[PDB]
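Below you'll find only one chain, the form deposited in one PDB entry, shown as structure tokens.
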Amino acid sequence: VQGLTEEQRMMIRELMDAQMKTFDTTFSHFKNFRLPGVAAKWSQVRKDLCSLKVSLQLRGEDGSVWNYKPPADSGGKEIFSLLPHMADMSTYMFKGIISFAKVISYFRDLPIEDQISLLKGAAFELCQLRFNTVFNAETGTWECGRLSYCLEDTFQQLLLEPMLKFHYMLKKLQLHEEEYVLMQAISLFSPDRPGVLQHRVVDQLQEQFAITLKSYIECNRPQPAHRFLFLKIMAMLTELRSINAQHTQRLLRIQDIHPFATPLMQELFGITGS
């Protein structure tokens, strides 16, 4: 509303427009995805994979329901059964993220080589930000339209896994749509991603997205619960970058022993094909 400059309001409008056009919140176009079948190293890969045990539910348009419960680790390959499905979901999410960036004027004006570097740097993080908006913290469930992913009761022991503590702590802030898309912009325009050339312009763009966020919070959120909301959000973005670097290493480890990354995932994670 008011309290923001015209450039700031236009900035938020452009991000909201881009989010509206490229985030399929009902996941209606996520289709033809794979499903789990009807050294050590392997030790590290086994703990890498048992962190996020999730059950899966699919509600058919006709009213039927399929439910999938994963196996326990039995020292064998059953730990890989969800990877093809998660790869297809990640790939679907990444395409929406790429379309989000491409619709935004500030991003489209950078050199293409820096566009690519920025997308490689932040695709994971924008994916997690979008998933948080469909996260139900009461049921521990990501509600993706006809699909649901539910954490398997194994509990603050779950809040020990950094991605999961991230989703609960971010949901707790009860952000608006505008604050989520500003979080996405700040993360997308990070001057320090590997291989970025235009450090100073990306940093100025980022600073302007951060300032718009701080001003949006100050003019629209006077309640004592939202004191320091801006700084809490920025601490969450720092944590999410840390989560990004751990899960990049985790993906490359799993990929080393059990290949699964899609071609789009390989491009974003720097896998060359040889």
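Counting begins at 1, following the sequence as shown.
One more form of this protein exists, namely the form deposited with a partner chain bound; it is left out here, but the text below deals with it.
Site annotation in the entry with it bound: the residue of 98, 201, 164, 86 reaching within 4.5 Å of its partner chain with a heavy atom is 98.
Site annotation in the entry with it bound: the residue of 158, 150, 137, 116 reaching within 4.5 Å of its partner chain with a heavy atom is 116.
For the chain shown alone, residue 259 is not a contact residue for its partner chain in the entry with it bound, no non-hydrogen atom being within 4.5 angstroms.
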